[PDB]
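Let's start with one chain on its own, the form deposited in one PDB entry, as structure tokens.
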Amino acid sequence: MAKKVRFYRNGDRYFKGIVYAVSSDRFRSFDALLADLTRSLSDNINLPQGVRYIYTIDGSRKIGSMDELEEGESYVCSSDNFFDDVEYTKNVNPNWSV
């Protein structure tokens, strides 16, 4: 079963998040998910090196596998090891998944 999650772009206060359905049957590896997020989140300023790392919404945890993603949660995609502490979910409907 795919997990429905919401991805945001490191450092971008104006992006409202992209909803993904994530499972190993569609993404053959974690690298394939990273590649597809590089495609959809394409932004030369905030993602200069594409999507190389995924963090929880608050930056507390680095996600290393699709198994670590959880239904209904939000995550931040980054080109590097620096998580930019901005209010990603400001003014986004907390019930976007309802």
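The numbering used is simple: start at 1 and walk along the sequence shown. Take the two forms, find the largest set of C-alpha atoms that superpose within 1.5 Å, and that set is the rigid core.
Same protein, other form: the form deposited in another entry, not shown, and the subject of what follows.
Q: How about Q49 - superposed on the rigid core, does its CA move between this form and the one not shown by 2 Å or more?
A: After core superposition, the displacement of the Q49 C-alpha between this form and the one not shown stays below 2 Å, so no.
Q: State yes or no: after fitting on the rigid core, is the Cα displacement of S23 between this form and the one not shown at least 2 Å?
A: No.
Q: In that other deposited form, do the Cα atoms of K90 and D36 sit closer or farther apart than here, given a shift of 3 Å or more?
A: So the answer is closer.
Q: Do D12 and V92 have their C-alpha atoms closer or farther apart in that other deposited form than here, with the shift being 3 angstroms or more?
A: Note: Cα gap between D12 and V92 widens in that other deposited form.
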